[PDB]
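Peer 1: Residue numbers (the working numbering), protein chains in the order written: chain X, 1 to 96; chain Z, 1 to 96.
Number of protein chains: 2
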Amino acid sequence: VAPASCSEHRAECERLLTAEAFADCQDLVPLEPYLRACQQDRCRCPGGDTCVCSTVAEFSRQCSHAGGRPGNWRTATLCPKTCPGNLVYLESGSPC
Amino acid sequence: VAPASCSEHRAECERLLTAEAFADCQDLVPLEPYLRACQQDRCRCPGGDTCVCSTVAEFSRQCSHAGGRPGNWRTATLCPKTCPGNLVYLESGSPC
Numbered sequence: 001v002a003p004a005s006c007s008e009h010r011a012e013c014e015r016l017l018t019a020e021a022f023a024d025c026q027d028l029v030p031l032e033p034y035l036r037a038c039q040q041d042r043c044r045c046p047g048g049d050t051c052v053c054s055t056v057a058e059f060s061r062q063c064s065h066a067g068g069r070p071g072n073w074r075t076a077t078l079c080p081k082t083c084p085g086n087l088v089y090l091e092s093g094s095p096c
Numbered sequence: 001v002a003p004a005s006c007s008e009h010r011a012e013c014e015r016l017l018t019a020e021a022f023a024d025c026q027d028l029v030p031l032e033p034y035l036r037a038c039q040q041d042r043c044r045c046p047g048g049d050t051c052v053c054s055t056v057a058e059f060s061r062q063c064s065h066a067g068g069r070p071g072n073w074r075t076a077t078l079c080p081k082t083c084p085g086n087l088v089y090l091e092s093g094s095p096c
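1) Going along chain X in order, which residues have a C-beta closer than 7 Å to the C-beta of residue 36/Z?
2) I'd like to know whether the C-beta of residue 74/X is nearer than 8 Å to at least one C-beta of chain Z.
3) Which residue's Cα is closest to the Cα of residue 42/X: 93/X, 12/X, 87/X and 1/X?
4) Measure the alpha-carbon distance for residue 92/Z versus residue 70/Z and round it to whole angstroms.
5) DSSP three-state call for residue 9/X: helix, strand or coil?
6) Do you know offhand how far residue 61/Z's Cα is from residue 16/Z's?
7) Run through chain Z and tell me which residues come within less than 9 Å of residue 15/X, C-beta to C-beta.
8) Between 53/X, 18/X, 40/X and 55/X, which has its C-alpha nearest residue 3/X's C-alpha?
9) By DSSP, does residue 66/X sit in helix, in strand, or in coil?
10) If contacts are defined as beta-carbon pairs under 8 Å, then residue 63/X and residue 88/X qualify, I think. What distance do you get, rounded to the angstrom?
11) Taking the CB atoms as reference points, tell me whether residue 50/Z and residue 38/Z lie closer together than 8 Å.
12) Are the CB atoms of residue 14/Z and residue 35/Z within a distance shorter than 8 Å?
13) Would you call the CB atoms of residue 53/Z and residue 31/Z closer than 8 Å?
14) Within 10 angstroms of the Cβ of residue 25/X, are there 16 or more other Cβ atoms? Answer buried if so, exposed if not.
15) What residues in its chain sit with their C-beta under 8 Å from that of residue 66/X, if we drop five residues either side in the sequence?
16) Mind checking which residues open and close the alpha helix (DSSP H) that includes residue 74/Z?
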């Protein structure tokens with residue numbers, strides 16, 4: 001059944017996606033599709049934020065693949081990740 | 001005591017203020033000062049939205065005074081206003 005257009009969470013998605021760490025990709029990748037995707041993601045996925053931060057991850061991957069370099073956005077309260085030792089989770093660093 | 005910078009609601013103020021109704025005044029009046037004021041208003045006035053819709057009212061008054069004509073933004077759930085009879089509330093209409 002056609003659910004309501006989840007436009008009540010548009011501000012949250014726009015604020016989260018268009019942060020400082022995503023500066024040098026605003027001209028590489030568009031924005032409308034990825035935020036429209038966040039629209040349904042936010043309402044279709046109540047409770048834990050395991051379903052919204054999986055889009056901005058795709059936005060960052062597209063950012064990195066085009067040629068840009070994003071900053072760090074994952075905080076201890078925004079879908080953090082853990083690795084053993086003092087290894088630091090980052091974006092846009094050489095795998096070598 | 002100096003309170004925390006109420007930047008956690010910056011997205012809310014930015015979204016609500018930069019709507020389509022305020023189209024032809026983005027070039028007349030600045031944006032930073034009024035949004036900065038909205039920052040404290042949103043966090044210093046919990047519960048009812050009697051402080052947030054007092055700043056955008058000033059933004060609209062400036063929009064109209066400079067020469068622009070803003071659109072309607074007051075909805076039935078966004079600080080509505082009532083007048084007796086079928087007196088419709090509007091912005092930028094002649095008092096004559």
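In this text, a Cβ means the ideal position worked out from N, Cα and C, and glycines have one as well.
Peer 2: This is what the structure holds:
1) The premise fails here: residue 36/Z is roughly 16 Å from chain X at the closest Cβ pair, so nothing lies under 7 Å.
2) Judged by the 8 Å Cβ criterion, residue 74/X is not in contact with chain Z.
3) 12/X
4) 7 Å
5) Reduced to three states, the DSSP call for residue 9/X is coil.
6) Roughly 16 Å separates the two Cα atoms.
7) Those within 9 Å of residue 15/X in chain Z are 10, 11, 12, 14 and 15.
8) 40/X
9) Three-state result, residue 66/X: helix.
10) The Cβ separation is near 19 Å, so there is no contact.
11) Contact flag unset, no.
12) yes
13) no
14) buried
15) Within the same chain, Cβ atoms closer than 8 Å to the Cβ of residue 66/X are found at 25, 28 and 29, the five residues on either side in sequence being excluded.
16) Membership of residue 74/Z in any alpha helix (DSSP H) is not indicated, and neither H nor E is assigned to it by DSSP.
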